[PDB]
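Have a look below at one chain only, the form deposited in one PDB entry, in structure tokens format.
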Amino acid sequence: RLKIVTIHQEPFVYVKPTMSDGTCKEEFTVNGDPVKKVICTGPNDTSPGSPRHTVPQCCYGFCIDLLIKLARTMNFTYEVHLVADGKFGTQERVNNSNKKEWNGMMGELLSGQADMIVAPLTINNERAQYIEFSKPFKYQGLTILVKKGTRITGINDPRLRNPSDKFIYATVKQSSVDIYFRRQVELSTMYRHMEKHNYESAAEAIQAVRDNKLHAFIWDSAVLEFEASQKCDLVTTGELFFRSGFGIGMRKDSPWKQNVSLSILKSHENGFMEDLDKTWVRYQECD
């Protein structure tokens, strides 16, 4: 039974409480089909000041449908859990030493806490040095989320390039955005500014933009375009930059790599991936 690690990230992975009896609410997609739900154990509340607890929760969404398809095609059983530290994954020095370890889903995959990462995980060179990725199951990039009416040209906008306390922007801590910005001298400076405002999760950053507490949120276009399409007060702006793909993550020399990429290829060929977009991404107006 493979240990699958994932993360809360709508519309790829929705996380909801189980009903009183431990089951997951019966819901249906836009096509009238039952929404497939899996039990995923993980931290409940991450609000600072309250005790942490890990409990069974209900997970569903684009990546869960993909997981179910992969498991069926490759004939494997699995158990899903949410990454304990709630992060995607960057490499940092730990324990005030020079020893480096990956946090987030990356860390759990490398430690053995997980056997496969099935989430909107960005394929990048930094991570590819430590793990193996399947071919992309989704093609996307980075963009910027702002409140409707906010005027930003894109990543090269002066309010981003020449930061001040008048226009606050940020991303989610320990994600691929960090990795990207540390690759350029100029972006490194900008990330230093962002470091003072980065959020723990995408959900919190998105809410901050709606509440006028964060002026711009730099993040994955697959997620931001969905969020903006569902909330009439939020829009994305600027040309996409740092185009990239999301892939399934496995440990180095994993015997699953070939077959996982094979399944993904077939899904891109037969309409399965496109159907997932029509089910989870493009299906209704904002409300």
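Just count from 1 along the sequence shown to find any residue number.
Undergrad: Hey, does residue 255 drop out of the model in a third or more of the other PDB entries compared here?
TA: Across the other compared entries, residue 255 is absent from none.
Undergrad: Could you tell me whether residue 51 lacks coordinates in at least a third of the other compared entries whose models cover its neighbours on both sides?
TA: Affirmative; at least a third of those entries omit residue 51.
Undergrad: Hey, which bit's got the bigger mean C-alpha B factor in the entry, 148-156 or 83-91?
TA: Averaging CA B-factors over each stretch, the winner is 148-156.
Undergrad: Quick check: 101-109 versus 183-191, which has the larger average CA B-factor in the record?
TA: Between 101-109 and 183-191, it is 183-191 that shows the higher mean C-alpha B-factor.
Undergrad: By the entry's C-alpha temperature factors, tell me which of 221, 230, 261, 54 sits highest.
TA: Going by the entry's C-alpha B-factors, 54 comes out highest.
Undergrad: Sorting 9, 20, 279, 270 by Cα temperature factor from the record, which one lands on top?
TA: Highest C-alpha B-factor among the listed options: 20.
Undergrad: Where does the C-alpha B-factor of residue 34 rank in its chain, lowest, middle or highest third?
TA: Its C-alpha B-factor, which the entry lists for residue 34, ranks in the middle third among residues of this chain.
Undergrad: Going by what the PDB entry lists, where does residue 250 fall on CA B-factor within its chain: lowest, middle or highest third?
TA: Its C-alpha B-factor belongs to the middle third of this chain's values.
Undergrad: Going by the entry, which third of its chain does the Cα temperature factor of residue 137 land in?
TA: Its C-alpha B-factor belongs to the lowest third of this chain's values.
Undergrad: For residue 59, return the chain-relative third of its C-alpha B-factor as stated in the PDB record: lowest, middle or highest.
TA: Its C-alpha B-factor, which the entry lists for residue 59, ranks in the lowest third among residues of this chain.
Undergrad: When the modelled residues of the chain are sorted by Cα temperature factor, does residue 5 land in the lowest, middle or highest third?
TA: Its C-alpha B-factor, which the entry lists for residue 5, ranks in the lowest third among residues of this chain.
Omitted here: the form deposited in another entry. The next part is about that form.
Undergrad: Can you say which of 24, 190, 140, 182 is at the hinge when one rigid part swings against the other between this form and the one not shown?
TA: The listed residue located at a hinge is 140.
Undergrad: With a C-alpha distance change of 3 Å or more, do residue 239 and residue 271 lie closer or farther in that other deposited form?
TA: Here the pair is farther apart than in that other deposited form; there, closer.
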